[PDB]
Amino acid sequence: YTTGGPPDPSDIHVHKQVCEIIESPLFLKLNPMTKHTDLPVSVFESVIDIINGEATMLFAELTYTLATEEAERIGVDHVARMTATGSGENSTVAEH
Amino acid sequence: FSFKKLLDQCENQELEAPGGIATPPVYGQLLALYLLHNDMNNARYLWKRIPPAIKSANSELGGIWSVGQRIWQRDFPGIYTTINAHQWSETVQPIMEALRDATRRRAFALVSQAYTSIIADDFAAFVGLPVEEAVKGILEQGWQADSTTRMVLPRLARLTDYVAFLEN
């Protein structure tokens with residue numbers, strides 16, 4: 001992953017170095033300057049594509065999904081809610 | 001249903017109305033009402049409260065107590081003969097009608113649990129109708145009759161209160 005707004009050459013330079021670790025690495029880019037309400041992470045893979053007959057490393061974008069891990073989810077609930085105990089301790093019935 | 005209310009108004013009436021000895025019809029209904037509940041102890045005690053004055057005055061009352069002497073023995077054929085013995089119109093009949101049907105049910109019900117096998121002639125005493133009438137009825141209900149020998153065979157809301165209580 002990297003940080004910044006639209007795709008630029010300085011990302012493609014660094015993605016070639018990552019190709020040394022695994023030959024097919026994923027690229028991910030987050031804009032924290034986003035003026036937009038939808039999720040501002042966009043996912044790419046790199047393709048080697050020929051333009052004007054010369055082979056160029058160019059990115060191609062991927063769509064997404066949501067997936068498993070109930071063990072992890074129960075913590076995302078607690079994390080999400082951020083609620084405080086009332087007069088008691090909070091009830092056993094309530095918590096369960 | 002109707003009878004239960006009728007005991008309630010009558011039960012009130014015994015204490016409230018008289019100088020201590022109430023009139024003869026009131027005592028008769030009340031006695032008869034105790035037999036329908038099959039609360040025989042209070043019935044017996046009712047008759048023992050009754051002076052010799054009411055027993056000479058009223059004979060009907062003494063018939064109602066006679067069915068009841070037998071109910072204490074629990075001898076069925078005897079019950080039936082006494083139901084026929086006395087009638088007193090209006091004042092005894094609606095409750096009497098109920099007494100006769102309450103003992104027959106008690107009798108059929110009793111037999112169904114009591115005996116895995118019973119003689120048909122003994123059964124005839126219990127229901128209180130003759131052999132031809134009885135053997136005809138048992139077949140429809142789905143009880144087996146054996147013939148030749150003539151024997152008859154009968155056939156979250158709670159949980160939250162509790163959790164709330166233990167945690168406290």
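Residues numbered from 1 in each chain as written, not as in the entry; some residues may be left out. Chains lettered and ligands numbered in written order. Part of a larger assembly, values for the part shown. Heavy atoms only, no water.

- Method information in the entry identifies cryo-EM as the source of the structure, with 8.2 Å recorded as the resolution.

- For chain B, the PDB entry supplies the name COP9 signalosome complex subunit 8 and the organism Homo sapiens.
- Per its UniProt entry, chain B bears the Subunit (literature references left out) comment "Component of the CSN complex, composed of COPS1/GPS1, COPS2, COPS3, COPS4, COPS5, COPS6, COPS7 (COPS7A or COPS7B), COPS8 and COPS9 isoform 1. In the complex, it probably interacts directly with COPS3, COPS4 and COPS7 (COPS7A or COPS7B)." (UniProt positions renumbered as here; feature names shortened; annotations may be inferred.)

- As annotated in the PDB entry, chain A is COP9 signalosome complex subunit 6 from Homo sapiens.

## Side note on the packing of helix α7 (residues 93–114) of chain B against helix α8 (residues 120–127) of chain B
Residue and element names in this part refer to chain B.
Thinking step 1. One can describe the packing of α7 onto α8 by two numbers: an axis separation of 8 Å at closest approach and a directional angle of 150°. Between α7 and α8, the crossing angle belongs to the class labelled roughly antiparallel. Packed against α7, whose contacting residues are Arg 104, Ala 107, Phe 108, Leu 110 and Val 111, the element α8 presents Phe 123, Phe 126 and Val 127 at the interface.
Thinking step 2. Residue classes in the contact of α7 with α8 are distributed as 7 nonpolar, no polar and 1 charged. (Axes fitted to C-alpha atoms, helices over the stretch in contact; angles between N-to-C directions. Helix = DSSP H or I, 4+ residues; strand = E, 2+ residues; numbered from the N terminus. Parallel < 35°, antiparallel > 145°, perpendicular 65-115°, else oblique. Contact = heavy atoms within 4.5 Å. Nonpolar A, V, L, I, M, F, W, Y, C, P; charged D, E, K, R; others polar.)

## Remarks on helix α2 (residues 70–81) of chain A
Residues and elements named next belong to chain A.
Thinking step 1. Over its 12 residues, α2 extends 17 Å from the first C-alpha to the last, a length consistent with the 16 Å expected when each residue adds 1.5 Å.
Thinking step 2. Little of α2 is tucked away: 0 of the 12 residues are buried.
Thinking step 3. A positive backbone phi angle near 60° is found at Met 82, which sits one or two residues after α2. (Expected span 1.5 Å × (residues − 1). Buried < 20%, exposed > 50% of the residue type's maximum accessible area, 1.4 Å probe, protein only.)

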